[PDB]
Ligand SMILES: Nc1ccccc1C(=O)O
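A single chain comes next, written as structure tokens; it is the form solved without 2-aminobenzoic acid.
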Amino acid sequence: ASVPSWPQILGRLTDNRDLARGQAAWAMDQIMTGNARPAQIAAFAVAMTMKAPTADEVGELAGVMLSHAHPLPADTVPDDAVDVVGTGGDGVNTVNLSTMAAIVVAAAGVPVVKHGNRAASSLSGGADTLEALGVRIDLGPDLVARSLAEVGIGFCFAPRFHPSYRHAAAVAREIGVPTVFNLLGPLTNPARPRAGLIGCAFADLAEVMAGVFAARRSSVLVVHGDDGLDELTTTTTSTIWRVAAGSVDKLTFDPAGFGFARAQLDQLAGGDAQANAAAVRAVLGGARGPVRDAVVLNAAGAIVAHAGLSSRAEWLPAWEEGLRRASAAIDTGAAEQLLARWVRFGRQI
């Protein structure tokens, strides 16, 4: 078990056994060093999924991946930097909402460092919508570092930071269905921010994700809409896994308690890049309604997660602080301004 091989690992997996410590790691390190055949890649990716990954296993996959990633330059990522992202819906996305909450959070003064890919890739999306807004998404360590210090936000394009993952990515594309690899995006942010709002379509995988962040002592809300959204929803309650101090705390959450009127799922989903970018422009310019509401809400969440790093402040007041700051970042036009600053940045860069 501690002297690993592909047949040993896949066989343990096809036998529906949890992997021994280090096996997932060695599996990933092979795939990352060019020493795995496409069939071994696919077979590992698929079996890992069906067996039901563990926090340990996923943790090992994400760690190995980070060990090969390009870092950001030393001391350029603030210690309180946050991520805002969903691992993607069934065939759906909410990158409209997560893009808008990313921007709202940054404008409120919290450093946001994102990580993603263009659509229909196992590393999370978001790249295309940002490109449709005019954001230069493909920047090296140094300029992402500069973007984050100059604008208050940066985006780590996965192709650029995880080149050694190309083989896994191409295989993820051909399999053309979500695997355990689809979990990796929020756990493989190269800037390694210690906090975030992390949205997930699947409750079981969400709790495995909560577990991975807990081992890292991150302050994160892993959020699943009980309507299935990979975000805090306003159509109904959400489940939150509150990661903090190295433990997970599963909560039911309801935005009505904060004055959010109920909405209908299909008002929220989002669409392709151009569609998302029009709604970003619309909402950041003051368009009221349920999309805005969900953005303010998920931006609050990220802000609460931020609160959890250097504080053990109360749940309810941290949320009230979250909603006010997020609301004000939109209504003052600071979020709209931040996007135009973000767009100018790429063109001066």
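A residue's number is simply how far along the shown sequence it sits, counting from 1.
Relative to its counterpart among 62 to 70 and 283 to 291, 283 to 291 has the higher mean temperature factor, C-alpha atoms as listed in the PDB entry. When the two stretches 231 to 239 and 210 to 218 are set side by side, the higher mean Cα temperature factor goes to 231 to 239. The PDB entry assigns its highest CA temperature factor, among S121, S147, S164, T188, to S121.
Looking at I198, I103, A261, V82, the one whose CA carries the top B-factor in the deposited record is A261. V151: CA B factor in the middle third of modelled residues in this chain (values from the PDB entry). Ranked within its chain, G34 lands in the highest third, by CA B factor from the PDB record. Per the PDB record, residue ranking by Cα B-factor puts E57 in the lowest third of the chain. Remark: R173 belongs to the highest third of its chain, ranked by C-alpha B-factor as recorded. In the PDB entry, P317 places in the highest third of its chain by CA B-factor.
Only in words, not in the display: the form deposited with 2-aminobenzoic acid bound, which the text now covers.
Transferring 2-aminobenzoic acid from its position in the bound PDB entry by superimposing the C-alphas around the site leaves no ligand atom within 2.4 angstroms of any backbone or C-beta atom here, which marks the site as open.
Distance criterion of 4.5 Å from any heavy atom to 2-aminobenzoic acid in the bound PDB entry singles out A169 from the list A275, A215, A203, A169. Interface residue among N117, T235, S238, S147, judged by heavy atoms within 4.5 Å of 2-aminobenzoic acid in the bound PDB entry: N117. From the list 255 to 263, 161 to 169, 103 to 111, 238 to 246, the contact stretch for 2-aminobenzoic acid in the bound PDB entry under a 4.5 Å heavy atom rule is 161 to 169. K250 falls outside the set of residues with a heavy atom inside 4.5 Å of 2-aminobenzoic acid in the bound PDB entry.
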